[PDB]
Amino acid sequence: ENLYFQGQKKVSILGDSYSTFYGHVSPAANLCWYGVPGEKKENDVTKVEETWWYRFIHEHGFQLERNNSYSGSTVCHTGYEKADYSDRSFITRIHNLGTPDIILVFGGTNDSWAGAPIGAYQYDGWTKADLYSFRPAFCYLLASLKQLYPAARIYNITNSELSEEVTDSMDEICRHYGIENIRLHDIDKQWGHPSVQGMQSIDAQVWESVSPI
């Protein structure tokens, strides 16, 4: 039973703005949405201790391994205004998460908001071209995370208020790969990103799913 038998479990995050805070992401050059000097948001989160992940980690006996979160970043290679996000997409950052026991994937909001093509469910044979679309990219993501971190527990986190297609696709693909999908609900947002209240709700809802397992 005792925590010291196996030590604290190490949590890494592969995220977007919702999981960012200035000075607390790796690589440090990853774009952040919260806590950025001279880029004040109309959103009441001002301290890292209010973030969902900091709360989740410090409340439940975990240790932060890596917070690889990047503002605006998409799961697939298609960004905003059809920009090429091959330089920052989730699927390009999957090797830089340290040595986690737990991986929390929290993406897809930008794929939804940018209107990235949905494409086809695809469980092998991925080309770079294919990976500009959402379904092949998210399949490739889980498939690759499972191969790189075969001993880790991987949880997907689905933002509320995304397109039907992005929402349904992540749930179906999580089911294919046997990954738990945390379907967030009733998340208070300001300027399209969680508020202090919203961050608490995310923390609590992630813990609802992670606790039993």
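Position 1 is the first residue in the sequence shown; the rest follow in order.
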query: Between 105 to 113 and 79 to 87 (mean CA B-factor, as deposited), the higher; finding: 79 to 87
query: Residue range whose averaged C-alpha B-factor is higher in the record, 164 to 172 or 66 to 74; finding: 164 to 172
query: Out of 179, 148, 157, 29, residue topping the C-alpha B-factor column of the entry; finding: 29
query: Residue 204 CA temperature factor, ranked by third within the chain; finding: highest
query: Third of chain Cα B-factors occupied by residue 100; finding: middle
query: Chain-wide C-alpha B factor ranking for residue 137, given as lowest, middle or highest third; finding: lowest
query: Third of the chain, ranked by Cα B-factor, where residue 144 sits; finding: middle
query: Residue 43, C-alpha B-factor rank within chain (lowest, middle or highest third); finding: middle
